[PDB]
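Which chain is which? The protein sequence lines are V, G, E and L, in order.
Adding 1 to a residue's 1-based position in the first sequence gives its number in the entry's author numbering.
Adding 446 to a residue's 1-based position in the second sequence gives its number in the entry's author numbering.
Position 34, counted from 1, in the third sequence is what the entry's author numbering calls 34; the numbers after and before it change by one each time, with no gaps.
Adding 416 to a residue's 1-based position in the fourth sequence gives its number in the entry's author numbering.
Down below is the structure, laid out as structure tokens.
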Amino acid sequence: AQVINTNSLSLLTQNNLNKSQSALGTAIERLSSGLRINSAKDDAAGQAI
Amino acid sequence: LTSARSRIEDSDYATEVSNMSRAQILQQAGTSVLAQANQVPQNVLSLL
Amino acid sequence: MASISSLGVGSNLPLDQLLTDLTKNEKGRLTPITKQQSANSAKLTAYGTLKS
Amino acid sequence: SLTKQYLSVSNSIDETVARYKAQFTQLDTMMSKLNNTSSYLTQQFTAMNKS
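Structure representation (structure tokens):
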């Protein structure tokens with residue numbers, strides 16, 4: 002009693018995958034640069050200060 | 447002023463290391479589970 | 001900041017270090033400059049000696 | 417005048433060396449990001465093909 006027309010379960014896994022990957026990307030960027038304020042996207046007030 | 451600028455801009459090594467380490471585990475899991483979850487409903491259902 | 005490069009497996013850190021060696025090859029660029037400096041310094045020293 | 421010109425040229429050269437090295441550093445950080453992404457993509461392909 003299931004559906005071949007769609008693997009909703011895999012769809013569910015995928016979004017979690019991308020979210021984790023984005024978190025990892027930001028973390029590695031910060032850890033490599035050595036600066037956390039790498040772009041205004043990070044902290045508007047911080048960058049201007 | 448240099449000290450203040452450093453304190454604002456610089457990242458915290460321990461915190462960022464922790465975050466990266468924790469996230470990599472999520473990556474490994476998610477990849478494995480995605481593979482397995484893709485595979486199994488497929489073959490069982492096809493069998494029926 | 002502490003930098004901390006790599007984290008992508010590749011040995012980027014030492015590559016950057018040896019670019020700093022080629023940055024020390026631009027310290028080389030200075031090396032012409034430093035040889036010229038030493039020549040001038042010796043020249044001035046000789047002038048002082050002759051003054052004495 | 418001459419050792420002075422040396423002072424000036426040394427200074428300018430040093431500025432340039434810092435510039436080149438900095439460009440290289442930022443480029444390598446971009447490398448780090450892309451390498452990590454592609455690496456996990458690769459493992460995912462290998463596993464899902466092993467399927």
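Yeah, the Cβ is synthetic: ideal placement off N, Cα and C, and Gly gets one too.
In the DSSP assignment, L:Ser448 falls within the alpha helix (DSSP H) that extends over 418 to 466. Listed by position along chain V, the residues whose Cβ is nearer than 8 Å to that of L:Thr445 are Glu30, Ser33, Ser34.
Going by C-alpha positions, L:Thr419 is about 14 Å away from E:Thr31.
Note on geometry: alpha-carbon atoms of V:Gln15 and V:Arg37 lie some 28 Å from one another. Taking 7 Å as the cut-off, the Cβ atoms of G:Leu472 and V:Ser21 count as close.
Residue contact check for E:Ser11 against chain V: no CB pair falls below 7 Å. Under the 10 Å beta carbon count, G:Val490 is surrounded by fewer than 16 other beta carbons and is classified as exposed.
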